[PDB]
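Text of structure.txt (compact mmCIF, C-alpha atoms) as supplied:
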```
# COMPACT_ATOMS: atom_id res chain seq x y z
CA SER A 1 15.70 39.26 13.34
CA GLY A 2 16.56 35.64 14.15
CA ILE A 3 19.26 33.09 14.92
CA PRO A 4 20.59 30.87 13.36
CA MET A 5 19.85 30.82 9.63
CA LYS A 6 16.71 29.12 8.34
CA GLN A 7 17.48 25.44 7.62
CA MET A 8 14.96 23.43 5.59
CA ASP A 9 16.80 20.12 5.08
CA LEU A 10 14.76 18.22 7.66
CA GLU A 11 11.55 17.55 5.72
CA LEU A 12 9.82 14.71 3.85
CA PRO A 13 8.36 14.26 1.29
CA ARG A 14 10.58 16.22 -1.09
CA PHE A 15 8.73 16.51 -4.39
CA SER A 16 10.54 16.22 -7.70
CA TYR A 17 8.54 17.38 -10.73
CA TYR A 18 7.92 15.18 -13.76
CA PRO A 19 7.32 16.01 -17.45
CA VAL A 20 3.79 16.31 -18.84
CA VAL A 21 2.95 15.29 -22.41
CA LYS A 22 2.12 18.06 -24.87
CA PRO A 23 -1.53 19.18 -25.10
CA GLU A 24 -3.47 17.40 -27.86
CA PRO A 25 -7.06 16.27 -28.45
CA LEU A 26 -8.13 12.99 -26.83
CA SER A 27 -7.86 9.98 -29.13
CA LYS A 28 -10.23 7.00 -29.21
CA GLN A 29 -7.47 5.06 -27.46
CA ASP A 30 -7.19 7.78 -24.81
CA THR A 31 -10.89 7.50 -23.96
CA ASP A 32 -10.76 3.70 -24.10
CA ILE A 33 -7.96 3.86 -21.54
CA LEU A 34 -9.58 6.50 -19.32
CA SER A 35 -12.97 4.75 -19.42
CA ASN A 36 -11.51 2.06 -17.14
CA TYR A 37 -10.89 4.74 -14.48
CA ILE A 38 -13.26 7.66 -14.93
CA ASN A 39 -17.02 8.21 -15.07
CA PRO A 40 -18.10 8.29 -18.74
CA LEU A 41 -19.94 11.51 -17.81
CA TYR A 42 -16.57 13.27 -17.74
CA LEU A 43 -15.08 11.63 -20.87
CA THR A 44 -17.60 12.51 -23.60
CA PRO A 45 -16.76 15.28 -26.10
CA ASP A 46 -19.46 17.62 -24.76
CA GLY A 47 -18.87 16.58 -21.16
CA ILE A 48 -15.24 17.65 -21.41
CA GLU A 49 -16.27 20.82 -23.24
CA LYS A 50 -18.74 21.63 -20.47
CA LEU A 51 -16.01 21.03 -17.87
CA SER A 52 -13.66 23.31 -19.82
CA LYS A 53 -16.19 26.14 -19.73
CA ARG A 54 -16.99 25.90 -16.01
CA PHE A 55 -13.30 25.82 -15.13
CA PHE A 56 -12.43 28.75 -17.39
CA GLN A 57 -15.23 30.75 -15.81
CA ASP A 58 -14.95 29.68 -12.15
CA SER A 59 -11.25 28.70 -11.99
CA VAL A 60 -12.41 25.72 -9.94
CA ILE A 61 -14.46 22.59 -10.56
CA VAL A 62 -15.55 19.94 -8.07
CA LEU A 63 -16.70 16.66 -9.60
CA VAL A 64 -18.79 14.17 -7.65
CA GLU A 65 -18.79 10.57 -8.92
CA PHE A 66 -15.43 11.12 -10.57
CA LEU A 67 -14.04 7.60 -10.85
CA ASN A 68 -15.82 4.86 -12.74
CA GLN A 69 -18.09 3.18 -10.19
CA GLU A 70 -16.87 -0.35 -10.89
CA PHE A 71 -13.28 0.86 -10.43
CA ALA A 72 -14.26 2.93 -7.38
CA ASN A 73 -15.90 -0.14 -5.83
CA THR A 74 -12.62 -2.08 -5.92
CA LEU A 75 -10.86 0.84 -4.21
CA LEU A 76 -13.65 1.15 -1.64
CA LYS A 77 -13.26 -2.48 -0.53
CA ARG A 78 -9.51 -2.02 -0.12
CA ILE A 79 -9.85 1.22 1.86
CA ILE A 80 -12.49 -0.31 4.14
CA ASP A 81 -10.15 -3.25 4.74
CA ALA A 82 -7.23 -0.96 5.59
CA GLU A 83 -9.49 0.97 7.97
CA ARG A 84 -10.37 -2.34 9.67
CA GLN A 85 -6.68 -3.00 10.32
CA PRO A 86 -4.90 -1.40 13.28
CA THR A 87 -4.17 2.23 12.43
CA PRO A 88 -0.38 2.60 12.11
CA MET A 89 0.53 5.36 14.57
CA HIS A 90 4.28 4.71 14.74
CA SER A 91 6.73 4.62 11.82
CA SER A 92 7.62 1.04 12.75
CA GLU A 93 3.96 0.10 12.23
CA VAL A 94 3.68 1.57 8.72
CA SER A 95 3.37 -0.91 5.84
CA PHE A 96 5.71 -0.85 2.85
CA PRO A 97 5.82 1.24 0.68
CA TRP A 98 4.11 3.96 2.75
CA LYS A 99 6.26 6.62 4.42
CA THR A 100 5.64 9.23 7.14
CA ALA A 101 5.76 12.94 6.33
CA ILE A 102 8.14 14.67 8.75
CA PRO A 103 8.89 16.60 10.91
CA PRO A 104 5.86 16.95 13.26
CA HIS A 105 5.80 20.77 13.40
CA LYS A 106 5.62 21.04 9.59
CA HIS A 107 3.11 18.28 8.91
CA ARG A 108 2.22 14.67 9.56
CA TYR A 109 0.63 12.05 7.31
CA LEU A 110 1.36 8.80 5.50
CA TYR A 111 2.23 9.03 1.82
CA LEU A 112 3.15 7.33 -1.44
CA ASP A 113 5.85 8.77 -3.70
CA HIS A 114 4.94 9.94 -7.22
CA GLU A 115 6.09 6.85 -9.10
CA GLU A 116 4.70 4.32 -6.62
CA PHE A 117 2.79 1.31 -7.93
CA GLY A 118 2.16 -2.20 -6.65
CA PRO A 119 -0.77 -4.54 -6.00
CA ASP A 120 -1.22 -3.36 -2.40
CA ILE A 121 -0.89 0.40 -2.68
CA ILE A 122 -4.57 1.25 -2.48
CA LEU A 123 -4.65 4.62 -4.21
CA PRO A 124 -4.82 4.84 -8.04
CA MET A 125 -1.35 6.33 -8.50
CA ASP A 126 -1.13 5.17 -12.12
CA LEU A 127 -4.03 7.35 -13.32
CA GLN A 128 -2.37 10.76 -13.48
CA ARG A 129 0.86 9.29 -14.85
CA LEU A 130 -1.09 8.21 -17.95
CA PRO A 131 -0.50 10.42 -21.02
CA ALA A 132 -4.24 10.07 -21.71
CA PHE A 133 -5.07 11.69 -18.37
CA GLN A 134 -2.41 14.35 -18.85
CA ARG A 135 -4.07 15.28 -22.14
CA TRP A 136 -7.47 15.22 -20.43
CA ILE A 137 -6.54 17.61 -17.61
CA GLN A 138 -4.85 20.06 -19.98
CA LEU A 139 -7.99 20.04 -22.11
CA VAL A 140 -10.28 20.44 -19.09
CA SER A 141 -8.19 23.13 -17.38
CA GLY A 142 -7.42 24.94 -20.64
CA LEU A 143 -3.77 25.10 -19.57
CA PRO A 144 -0.69 23.61 -21.21
CA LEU A 145 1.26 22.12 -18.30
CA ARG A 146 5.05 21.87 -18.18
CA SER A 147 5.57 19.50 -15.26
CA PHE A 148 3.84 17.99 -12.23
CA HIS A 149 4.04 15.76 -9.17
CA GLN A 150 1.46 13.69 -7.33
CA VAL A 151 1.42 12.32 -3.80
CA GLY A 152 -0.91 9.65 -2.46
CA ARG A 153 -1.82 10.50 1.13
CA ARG A 154 -3.47 9.10 4.24
CA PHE A 155 -4.41 11.45 7.07
CA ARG A 156 -4.97 9.41 10.24
CA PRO A 157 -7.49 10.69 12.79
CA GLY A 158 -6.16 12.40 15.92
CA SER A 159 -2.77 12.76 14.26
CA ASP A 160 -2.36 14.06 10.74
CA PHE A 161 -2.42 17.45 9.05
CA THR A 162 -0.59 19.87 6.80
CA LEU A 163 0.17 23.49 7.71
CA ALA A 164 -0.47 26.59 5.62
CA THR A 165 2.13 27.13 2.89
CA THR A 166 2.36 29.46 -0.11
CA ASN A 167 3.17 29.01 -3.79
CA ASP A 168 5.61 31.41 -5.45
CA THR A 169 4.13 30.78 -8.90
CA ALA A 170 0.59 29.92 -9.98
CA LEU A 171 -0.25 26.21 -9.90
CA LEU A 172 -3.00 24.01 -11.25
CA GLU A 173 -3.89 21.66 -8.40
CA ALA A 174 -6.00 18.51 -8.35
CA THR A 175 -7.19 16.47 -5.39
CA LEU A 176 -8.86 13.09 -5.84
CA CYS A 177 -10.58 12.37 -2.55
CA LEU A 178 -11.34 8.78 -1.61
CA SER A 179 -12.57 9.08 1.98
CA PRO A 180 -15.66 6.92 2.72
CA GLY A 181 -15.81 7.46 6.48
CA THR A 182 -18.89 9.16 7.92
CA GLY A 183 -16.81 11.07 10.46
CA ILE A 184 -14.16 12.41 8.08
CA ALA A 185 -16.90 14.02 5.96
CA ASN A 186 -17.91 16.27 8.87
CA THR A 187 -15.82 19.45 8.90
CA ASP A 188 -16.23 19.61 12.68
CA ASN A 189 -13.56 16.90 12.69
CA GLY A 190 -11.41 18.78 10.18
CA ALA A 191 -9.84 16.90 7.26
CA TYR A 192 -11.08 19.58 4.85
CA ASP A 193 -8.97 21.18 2.12
CA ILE A 194 -8.54 24.96 2.51
CA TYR A 195 -7.39 27.67 0.12
CA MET A 196 -7.03 31.19 1.53
CA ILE A 197 -5.21 34.50 1.02
CA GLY A 198 -2.10 35.70 2.85
CA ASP A 199 -12.76 37.14 4.57
CA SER A 200 -9.61 35.23 3.59
CA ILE A 201 -11.01 31.82 2.65
CA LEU A 202 -11.27 31.10 -1.08
CA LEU A 203 -12.23 27.43 -0.93
CA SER A 204 -13.15 24.86 1.70
CA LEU A 205 -13.44 21.28 0.44
CA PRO A 206 -14.72 18.68 2.91
CA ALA A 207 -13.34 15.14 2.82
CA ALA A 208 -15.56 13.09 0.52
CA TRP A 209 -15.77 9.80 -1.38
CA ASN A 210 -14.86 9.81 -5.07
CA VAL A 211 -14.70 13.58 -5.54
CA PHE A 212 -12.24 15.25 -7.91
CA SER A 213 -11.39 18.89 -7.23
CA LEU A 214 -9.46 21.00 -9.74
CA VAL A 215 -8.23 24.41 -8.58
CA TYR A 216 -6.37 27.31 -10.15
CA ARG A 217 -4.05 28.36 -7.34
CA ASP A 218 -2.95 31.96 -7.82
CA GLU A 219 0.50 32.90 -6.55
CA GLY A 220 0.58 33.79 -2.85
CA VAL A 221 -2.39 31.58 -1.96
CA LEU A 222 -2.23 29.58 1.27
CA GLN A 223 -3.22 25.90 1.16
CA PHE A 224 -3.48 23.18 3.81
CA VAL A 225 -5.35 20.11 5.01
CA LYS A 226 -7.01 20.75 8.38
CA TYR A 227 -6.00 18.54 11.32
CA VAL A 228 -8.04 15.34 11.46
CA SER A 229 -9.65 14.97 14.89
CA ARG A 230 -9.94 11.69 16.80
CA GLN A 231 -13.71 11.79 16.43
CA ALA A 232 -13.33 11.28 12.68
CA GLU A 233 -12.74 7.60 13.52
CA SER A 234 -11.26 7.18 10.03
CA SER A 235 -8.66 8.56 7.64
CA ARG A 236 -8.80 11.04 4.82
CA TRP A 237 -7.45 9.21 1.77
CA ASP A 238 -6.51 11.19 -1.34
CA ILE A 239 -4.10 11.88 -4.17
CA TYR A 240 -2.78 15.45 -4.34
CA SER A 241 -1.14 16.74 -7.52
CA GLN A 242 0.40 20.09 -8.45
CA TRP A 243 0.98 21.07 -12.07
CA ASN A 244 3.23 23.86 -13.39
CA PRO A 245 1.57 25.80 -16.23
CA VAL A 246 3.48 26.62 -19.40
CA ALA A 247 3.09 30.30 -18.68
CA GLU A 248 5.26 32.82 -20.53
```
Would it be possible to restate this file's structure as structure tokens?
Amino acid sequence: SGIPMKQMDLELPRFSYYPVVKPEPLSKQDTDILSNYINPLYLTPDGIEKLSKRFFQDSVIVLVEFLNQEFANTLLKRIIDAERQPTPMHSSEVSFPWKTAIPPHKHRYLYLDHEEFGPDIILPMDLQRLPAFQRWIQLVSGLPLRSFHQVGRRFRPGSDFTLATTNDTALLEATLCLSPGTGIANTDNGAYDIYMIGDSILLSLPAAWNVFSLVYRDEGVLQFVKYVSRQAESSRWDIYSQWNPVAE
């Protein structure tokens, strides 16, 4: 028993879900578009077919060297530069358009809303909003997807985290990790992505540079990003997206 009633109003971000285009084969234009973002390794006909098979069989795939290297390089320079700057530890110190996830006992991290774009947002928020990508992920995951939302995130060291939460329905989840720090990559300092039940651990994904993880999240599975210790000396940068399967 408890008192008073559970009240969940005090919490940001609040994710709204967006429509996904219908599943179709990739066109020449689709691959032309995606080639400016993603490793050609993962865009060829047989490459995608090989991805489809590993995901069907394992219900998870982790892809090193995900983004096109030339593209990744431009992101790397920007992330290094941001890391050079004073780490914003107060809301008043956070640069537009970043926002702080609240309240502290639920989670803490800096984030970019789904639709966010601009020359100075560092994360590639436009990628997963592309119809071409939405066709790609449905092909790769073998799942027609009804809707989705993405969030660009920065987990500052000695501060940021998410706590374990459950999903009522099954979700397809993707995390594009763009964390180049040496410290963040060491799971002693946390920052790793966990999936577990109710041993319990299903997946443990360390922070990494240019790694794309795709996970079939069964209903009732716990998920969270482990608290980033001071000793990390750098942030975990990623984009986290959840997709609702067409499933009935």
**Request:** Give the answer as one residue: which of A:248, A:203, A:181, A:228 has the shortest atom-to-atom distance to residue 84 of chain A, using only C-alpha atoms?
**Result:** A:181
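Take atom CA of residue 127 of chain A and atom CA of residue 155 of chain A: the distance between them is 20.8 Å.
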**Message:** Quick check, in Å to one decimal: how far apart do atom CA of residue 145 of chain A and atom CA of residue 44 of chain A lie?
**Reply:** 21.8 Å
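The residue that comes closest to residue 137 of chain A, out of A:106, A:217, A:22, A:226 and on the basis of only C-alpha atoms, is A:22.
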Please build the interface table for segment 130-153 of chain A against segment 53-61 of chain A with a cut-off of 10 Å, listing for each qualifying residue the nearest atom pair and the distance in Å to one decimal; count all atoms listed in the file, order rows by chain and increasing number, and write it as a Markdown table.
```
| residue | atom | partner | partner_atom | distance |
| --- | --- | --- | --- | --- |
| A:140 | CA | A:55 | CA | 7.3 |
| A:141 | CA | A:55 | CA | 6.2 |
| A:142 | CA | A:56 | CA | 7.1 |
| A:143 | CA | A:56 | CA | 9.6 |
```
**Request:** Tell me which protein, DNA and RNA residues are within 10 Å of segment 107-115 of chain A, counting only C-alpha atoms, leaving out same-chain ones fewer than 5 positions away, and put them as a PyMOL selection string.
**Result:** chain A and resi 11-18+88-89+91+94-102+121-123+125-126+128-129+148-157+159-164+224-225+227+235-241
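Counting only C-alpha atoms and comparing A:222, A:178, A:26, A:67, the residue that lies closest to residue 208 of chain A is A:178.
Minimum atom-to-atom distance to residue 185 of chain A, evaluated using all atoms listed in the file, belongs to A:211 out of A:199, A:211, A:219, A:134.
Look at everything within 9 Å of (3.8, 28.7, -7.0) using only C-alpha atoms, and the residues you get are residues 166, 167, 168, 169, 170, 171, 217, 218, 219, 220, 221 and 244 of chain A.
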**Message:** If we draw a sphere of 9 Å around (-15.4, 8.2, -4.1), which residues have at least one atom in it when counting all atoms listed in the file? Please report them as an NGL selection string.
**Reply:** :A and (64-67 or 69 or 72-73 or 75-76 or 176-180 or 208-212)
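Atom CA of residue 201 of chain A to atom CA of residue 243 of chain A spans 21.8 Å [interatomic distance, one decimal].
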**Fill in**
Of A:4, A:136, A:62, A:146, the one nearest to residue 204 of chain A when counting only C-alpha atoms is A:62
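Between residue 230 of chain A and the candidates A:36, A:92, A:147, A:87, the tightest atom-to-atom separation, counting all atoms listed in the file, involves A:87.
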